[PDB]
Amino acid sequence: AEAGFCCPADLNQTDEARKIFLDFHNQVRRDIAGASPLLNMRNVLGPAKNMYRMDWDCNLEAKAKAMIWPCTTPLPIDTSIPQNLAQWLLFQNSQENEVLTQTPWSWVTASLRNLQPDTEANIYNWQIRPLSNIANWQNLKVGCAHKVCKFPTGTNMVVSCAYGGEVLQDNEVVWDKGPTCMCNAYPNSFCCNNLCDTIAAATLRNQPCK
């Protein structure tokens, strides 16, 4: 049923928030795999083969929390790992989960904006780094944190996501062009809602918290 994140209490974030961030990632990955519209400029990418479902990593979440928690200008961002950072203006009437739902899409918007009609979106360049982190077919783990920071420049919502694996470099293949639901990179693969997955990953994510 509901997702087992099983993260330590001291991370001080709700599973509902974790779910928003993780569902966001898989939604982007699924849109690319199925060549479906991303935002409600170029807005359709893919299709892609071997685009697999991401799972949470509580250690990556802790890294993300550490990068934003001091609320300093600038933040102690760890550029030695793949990560995305976003900041969102808060208004009097701002509702937290709406903010958390909307904020990450800014990474998709920023990246798409830099796509020219001729740009190979599946190939990395610095102008599309945030989307590339999200759609990296080689990375299956993510952890994100959020915080209302009172910076000297004013109060904002800050979101950081840290990713498994390596920082992408120039001209790396971010994802592989191919048919939706072609899933053969891993043993015992299946496809659900246009996103590849494996029995091993499903079995692991459904283990009870301990």
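Quick note: we count residues from 1 along the sequence shown, nothing fancier.
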**Asked** Does the deposited sequence hold unmodelled residues between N40 and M41, and if so, how many: none, 1 to 3, 4 to 9, or 10 or more?
**Response** 4 to 9
**Request:** On mean C-alpha B-factor from the PDB entry, just flag whether 96-104 or 136-144 is the higher one.
**Result:** 96-104
**Message:** Regarding 113-121 and 80-88, which shows the higher C-alpha temperature factor on average in the entry?
**Reply:** 113-121
**Request:** Identify, among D15, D10, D23, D197, the residue whose C-alpha carries the highest B-factor in the deposited PDB entry.
**Result:** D10
**Prompt:** Looking at the C-alpha B-factor of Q169, is it in the lowest, middle or highest third of its chain?
**Reply:** highest
**Request:** Can you work out whether the C-alpha temperature factor of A62 puts it in the lowest, middle or highest third of the chain?
**Result:** middle
**Asked** Taking the entry's C-alpha B-factors for this chain, is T153 in the lowest, middle or highest third?
**Response** highest
**Message:** Based on the deposited C-alpha B factors for this chain, I'd like to know if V44 is in the lowest, middle or highest third.
**Reply:** highest
**Request:** Select lowest, middle or highest to describe the third in which the CA B-factor of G178 falls within its chain in this entry.
**Result:** middle
